[PDB]
Amino acid sequence: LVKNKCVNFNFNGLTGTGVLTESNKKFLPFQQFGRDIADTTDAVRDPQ
Amino acid sequence: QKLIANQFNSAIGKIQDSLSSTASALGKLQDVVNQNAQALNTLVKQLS
Numbered sequence: 533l534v535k536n537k538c539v540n541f542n543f544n545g546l547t548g549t550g551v552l553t554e555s556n557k558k559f560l561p562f563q564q565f566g567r568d569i570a571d572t573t574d575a576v577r578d579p580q
Numbered sequence: 920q921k922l923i924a925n926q927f928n929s930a931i932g933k934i935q936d937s938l939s940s941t942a943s944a945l946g947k948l949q950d951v952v953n954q955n956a957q958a959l960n961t962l963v964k965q966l967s
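Protein chains in written order, with the authors' numbering: chain C, 533 to 580; chain A, 920 to 967.
Shown next as structure tokens:
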């Protein structure tokens, strides 16, 4: 995993491109992804 | 001139009281801000 740098990425087949960072988003233990107003992925839980 | 000055000064007093109490006084500007923010939120929500 790489952080604070622009990268192409793929989590579990969810492809994208962005600056990955650590976050304060308090995911409940069942939640795997986060979404913004467009349904674009706002956050992810790392599967590793 | 003392009366006319006191009537002017008092009426500029009422403007401050109106604007401090009544946030809806600006409603014609807040309408334009709301319409433009609503048009962008509609445009982003249509990506979903």
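Ideal placement from N, C-alpha and C gives every residue a C-beta, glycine not left out.
Within-8 Å CB hit, residue i to chain C
i        : result
A/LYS964 : yes
A/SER939 : no
A/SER967 : yes
CB contact check: residue i to chain A, cutoff 8 Å
i        : result
C/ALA570 : yes
Nearest-angstrom Cα separation, counted from residue j out to residue i
i        : j        : result
C/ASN542 : A/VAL952 : 39 Å
C/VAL539 : C/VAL551 : 6 Å
A/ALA944 : C/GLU554 : 44 Å
C/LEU546 : C/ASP568 : 15 Å
A/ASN928 : A/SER937 : 15 Å
A/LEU922 : A/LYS947 : 33 Å
A/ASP950 : C/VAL534 : 45 Å
Any non-hydrogen atom of the ligand ZN closer than 7 Å to residue i Cβ
i        : result
A/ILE923 : The model on display carries no ligand, and the ligand ZN is accordingly not part of it.
Nearest-angstrom Cβ-Cβ length linking residue i and residue j, presumed shorter than 8 Å
i        : j        : result
C/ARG577 : C/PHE559 : 6 Å
A/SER967 : C/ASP574 : No, A/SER967 and C/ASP574 are not in contact; Cβ-Cβ is about 13 Å, not under 8 Å.
Any chain B beta carbon closer than 8 Å to residue i
i        : result
A/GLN957 : In the structure shown, chain B cannot be found, because the protein chains are C and A.
#### Entry: 4 or more residues per run - each alpha helix (DSSP H) lying fully within the region 934 to 961 of chain A
The region 934 to 961 of chain A contains no whole alpha helix (DSSP H) run of 4 or more residues.
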